[PDB]
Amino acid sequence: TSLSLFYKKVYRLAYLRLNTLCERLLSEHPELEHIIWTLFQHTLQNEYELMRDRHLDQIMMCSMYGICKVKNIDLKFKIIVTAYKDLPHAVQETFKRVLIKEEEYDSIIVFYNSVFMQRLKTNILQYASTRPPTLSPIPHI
């Protein structure tokens, strides 16, 4: 219950930020946001150790980039990161300085290629199929 409440709050925040970036960068390709959301939510619930000493928005941006990668939608990480900066609370250190291994820090692209994408590759690849995706419910409010 406490944890369920906590996750509800986290999902609401996460989705709101997701929706803002998507409405802005994936204006065309509206089917993607709900897929990106499914990957993002799966990561928070099932691969939560990726959150340890990290930031929710790092998981968010990595999810956007990964889905658009399978969907072969041209969307550079730089473009994502540049759009990310316009979020009110957004700070560039969040993408320029990310925990990689034990106490090594690098850009979000390094975190993506070396940690996130390694961990979620099979989950992400499932979106390469033409079958109807089984999507996560969009979080309330």
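Note that residue numbering follows the sequence shown and begins at 1.
Taking only CA atoms, the mean B-factor in the PDB entry is higher for 131-139 than for the other of 131-139 and 4-12. Between 93-101 and 49-57, the higher mean Cα B-factor belongs to 93-101. When the C-alpha B factors of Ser63, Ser114, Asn72, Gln41 are read from the deposited coordinates, the top value falls at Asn72. Sort the chain's modelled residues by C-alpha temperature factor and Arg17 lands in the lowest third, per the entry. For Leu26, the recorded CA B-factor ranks within the highest third of the chain. Only modelled residues enter the ranking.
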